[PDB]
Structure formats: structure tokens, C-alpha cells
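# this one's a deposited entry, sequence included:
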Amino acid sequence: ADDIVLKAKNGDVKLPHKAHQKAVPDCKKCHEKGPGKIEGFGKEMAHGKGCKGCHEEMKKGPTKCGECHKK
Ligand code: HEM
Ligand code: HEM
Ligand code: HEM
């Protein structure tokens with residue numbers, strides 16, 4: 001499903017793409033060059049300007065280790 005499970009032996013990080021596709025009608029802040037693969041993103045990113053950045057910037061998403069990584 002939309003859910004785009006990433007890689008992380010520390011606990012997959014189910015990213016409600018769909019939900020995120022609704023909460024962030026602007027498929028740009030997440031998609032640079034455009035909708036699809038992203039060049040630059042990674043781990044640190046998610047832990048910052050990528051997933052958390054918005055989470056900590058917006059204060060809606062998960063912003064804790066036990067708020068993303070869920071075995
Ligand atoms: C907004 C409605 C929106 C669309 C449309 C969209 C499309 C899209 C595509 C086509 C892909 C590639 C997968 C494929 O080729 O089938 C993709 C992948 C990712 N997206 Fe996205 N996306 C939309 C919105 C958003 C938003 C708002 C975010 C972030 C909050 C986001 C994130 C991602 C991520 C991450 C991926 C895969 C890259 C990865 O790191 O694994 N999308 N999306
Ligand atoms: C980056 C790949 C990324 C991940 C991973 C991620 C995860 C995530 C989860 C698991 C939730 C929980 C919400 C739920 O009920 O499923 C969540 C919530 C929100 N996030 Fe997020 N998120 C990633 C990226 C981004 C980015 C880049 C933004 C903003 C640009 C963003 C925002 C939000 C919002 C908003 C929510 C909560 C919904 C709302 O209050 O509207 N996420 N995220
Ligand atoms: C909290 C401070 C926190 C820690 C610590 C942490 C650790 C961590 C590790 C060690 C990895 C690498 C995976 C491995 O070792 O195999 C990793 C990767 C990702 N994480 Fe994380 N993580 C912490 C918090 C968060 C939060 C709150 C989120 C979601 C907003 C998150 C997400 C991710 C993602 C995504 C990855 C992998 C990168 C990718 O491209 O998917 N982390 N984290």
C-alpha cells in the first residue's frame with residue numbers, strides 16, 4: 001500500500017505516504033526534482049531536515065526514537 005516502509009534494523013519507519021500526501025498537499029517539500037526517488041535524503045535527513053525537521057518544525061509528526069522506530 002501507499003505505506004512506504006523504509007530500511008532500519010532499529011525498527012521500520014512506516015511512512016503514511018498517503019496520509020503525508022494529504023497532510024502535505026504540496027508534494028514538493030518532500031519531492032524536490034519531482035515526485036519519485038529523492039537524491040540527498042537518507043538517515044540524518046529523517047533525523048532532521050527530511051522527516052523530523054518538519055515534525056519538529058510543525059510539531060505534528062513523530063519526533064522521538066520511540067515515535068518512529070517501532071519494531
Ligand atoms: C502528493 C500527492 C504526492 C505524490 C503524488 C507523491 C508521489 C510519489 C511517487 C510517485 C513516489 C515514487 C514511488 C513510485 O515510483 O511508485 C514517491 C515516493 C516517496 N515520497 Fe511522495 N508523493 C507525494 C507526497 C509526499 C510527501 C508530502 C512526502 C513527505 C512528507 C513524500 C515522501 C516520499 C518518499 C520518502 C518517497 C520514497 C523515497 C524514500 O526515501 O524512500 N511524498 N512519492
Ligand atoms: C520522512 C520519510 C518522514 C517520515 C518517516 C515520517 C513519519 C511520520 C509518522 C510515522 C507520522 C505519524 C502520523 C500517523 O498517524 O501516521 C507522521 C506524522 C506527520 N508528519 Fe511526517 N514523516 C516524514 C516526513 C514529513 C515531512 C517532510 C513533513 C512536513 C513537510 C511531515 C509532516 C507530518 C505531519 C503533519 C504529521 C501529522 C499529520 C498532521 O498533523 O497533519 N512528515 N510522520
Ligand atoms: C532518536 C534520537 C533516534 C535514534 C537514536 C535513531 C536511530 C537510528 C539508527 C541507528 C538508524 C540506522 C538504521 C540501522 O542502524 O540499521 C536510523 C535510521 C532511520 N531513522 Fe531513526 N532514530 C531516532 C529517531 C527517528 C525518528 C523520530 C524518525 C522518524 C521521524 C526516524 C526515522 C528514521 C529513518 C527514516 C531511518 C532510515 C533512513 C531512510 O532513508 O529511511 N528516526 N535511526
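Arrived safely, thanks for sending. Numbering: from 1, shown residues only. Ligands and ions are numbered 1, 2, ... in the order given.

# how long is stretch 2-15 from one end to the other?
9 Å (CA to CA, to the nearest Å).

# and that stretch, what's buried?
Neighbour-count burial for stretch 2-15, counted by 16 or more other CB atoms under 10 Å, picks out 13, 15. (C-beta placed from N, C-alpha, C; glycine too.)

# can it be found next to ligand 2?
Yes: using CB under 6 Å from any ligand atom, we find that stretch 2-15 touches ligand 2 at 13-15.

# three-state assignment of residue 21?
Of the three states, residue 21 takes helix under DSSP: H, G, I helix; E, B strand; the rest coil.

# quick revisit: for the residues of stretch 2-15 next to ligand 2, give me a markdown table that also has secondary structure and distance to ligand 1.
Putting the residues of stretch 2-15 next to ligand 2 into a markdown table (DSSP: H, G, I helix; E, B strand; the rest coil; distance: CB to the nearest ligand atom, whole Å) gives the following:
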| residue | secondary structure | distance to ligand 1 |
| --- | --- | --- |
| 13 | coil | 10 |
| 14 | coil | 12 |
| 15 | coil | 6 |
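
# and residue 42, how close does it get to residue 61?
Distance, residue 42 to residue 61, by CB to CB, to the nearest Å: 18 Å.

# more crowded one of these two?
Taking other CB atoms under 10 Å, residue 42 and residue 61 do not tie; residue 61 has more neighbours (19 against 9).

# quickly find the element holding that one.
According to DSSP states H and E, residue 61 maps onto no helix or strand at all.

# and the closest residue to it other than its chain neighbours, how many neighbours?
Leaving aside its chain neighbours, residue 61 sits nearest to residue 55 (3.4 Å; criterion: CB to CB, 6 or more residues apart in numbering). Residue 55 has 18 neighbours, counted by other CB under 10 Å.

# would you mind measuring from residue 55 to ligand 1?
Residue 55 sits 10 Å away from ligand 1, taking CB to the nearest ligand atom, to the nearest Å as the criterion.

# which residues touch that residue?
61-63 (CB atoms under 8 Å, 6 or more residues apart in numbering).

# among those, which are in reach of ligand 2?
Among the contacts of residue 55, ligand 2 is touched by 61-62 when using CB under 6 Å from any ligand atom.
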